[PDB]
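Structural features, examined
Read off the chains here:
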Amino acid sequence: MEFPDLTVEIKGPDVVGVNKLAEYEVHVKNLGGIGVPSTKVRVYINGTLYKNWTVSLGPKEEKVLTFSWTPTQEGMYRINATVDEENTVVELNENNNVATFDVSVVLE
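Cut-offs and rules
Residues numbered from 1 in each chain as written, not as in the entry; some residues may be left out. Heavy atoms only, no water. Helix = DSSP H or I, 4+ residues; strand = E, 2+ residues; numbered from the N terminus. Contact = heavy atoms within 4.5 Å. Polar contact = N/O pair within 3.5 Å; in protein donor to acceptor, adjacent residues only side chain to side chain. UniProt positions renumbered as here; feature names shortened; annotations may be inferred. Buried < 20%, exposed > 50% of the residue type's maximum accessible area, 1.4 Å probe, protein only.

Structure determination for this PDB entry was carried out by solution NMR, as recorded in the header.

A word on the environment of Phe-67. Relative to the assigned elements, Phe-67 resides in strand β6 (residues 62–69). Put simply, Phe-67 and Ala-22 are 45 residues apart on the chain and 8.3 Å apart in space, counted from C-alpha to C-alpha. In this structure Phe-67 touches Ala-22, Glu-23, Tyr-24, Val-26, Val-43, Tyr-50, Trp-53 and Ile-79, once residues within four positions along its chain are discounted.

Let's shift gears to the environment of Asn-96. Within the secondary structure, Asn-96 is located in the loop between β7 (75–83) and β8 (98–106). A C-alpha to C-alpha distance of 6.8 Å links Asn-96 and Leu-6, two positions 90 residues apart in sequence. Every residue in contact with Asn-96, bar those within four places of it in the chain, is listed here: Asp-5, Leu-6, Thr-7, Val-8 and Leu-31. A polar side-chain atom of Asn-96 sits 2.8 Å from a polar atom in the side chain of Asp-5.

Cross-referencing UniProt, the feature "binding site: Mn(2+) 2" (unreviewed entry) maps to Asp-84, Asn-87, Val-89, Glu-91 and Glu-94 in the present numbering. Tracing the chain through its elements places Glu-91 in the loop between β7 and β8. Beyond its immediate stretch of four places on either side in the chain, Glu-91 contacts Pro-4, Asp-5, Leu-6 and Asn-97. Engagement of the side chain of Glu-91 in a polar contact is seen with the backbone nitrogen of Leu-6, the distance being 2.8 Å. By secondary structure assignment, the location of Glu-94 is in the loop between β7 and β8. Residue classification places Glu-94 among the exposed positions, given a relative accessible area of 78%.

Let's shift gears to the UniProt feature "binding site: Mn(2+) 1" (unreviewed entry) in the protein. This chain's UniProt record puts "binding site: Mn(2+) 1" (unreviewed entry) on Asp-5, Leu-6, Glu-91, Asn-93, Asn-96 and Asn-97. Over a stretch of 93 residues, the named residues converge on one spot in the fold, their C-alpha atoms separated by at most 9.5 Å. Relative to the assigned elements, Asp-5 resides in the segment before β1 (6–11). The residues contacting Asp-5, other than those within four sequence positions of it, are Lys-29, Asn-30, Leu-31, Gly-32, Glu-91, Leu-92, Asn-93 and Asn-96. Take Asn-97: it is sitting in the loop between β7 and β8. The residues contacting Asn-97, other than those within four sequence positions of it, are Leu-6, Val-8, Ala-81, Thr-82, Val-83 and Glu-91.

The structure is reproduced here in C-alpha cells:
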C-alpha cells in the first residue's frame, strides 16, 4: 500500500524594498517513497497567482525552483506555495502540501 507525501518549501528575503527585485527559492520534495508525475507547484501572493510549474518527483526526490518578484506597491504581502491543488493523488499528509511565507515591502 504505497501512498506519496509531497511538500513545498519557500525560502528567501522576508523584507524587501518597493520597486526592487527579490529572488525566492522553492524546494519541492517527495517524502512518501513513491514516484509522482501529477506534481503541479503554484505560487500565490495574497491569493494572487504569480506563476505555476509542472514537475515529477520520484521516491524521495527534490527539485529546486527559483523566481524573481518585484513589489511595485508598498505594504505586507504573503507568499504561499501549493502542490497538487487538483487533488489527483491520496497522500499521507494533507497539511504538508502548503507553505506560507510573510514578506514586508517598504519604501526605504
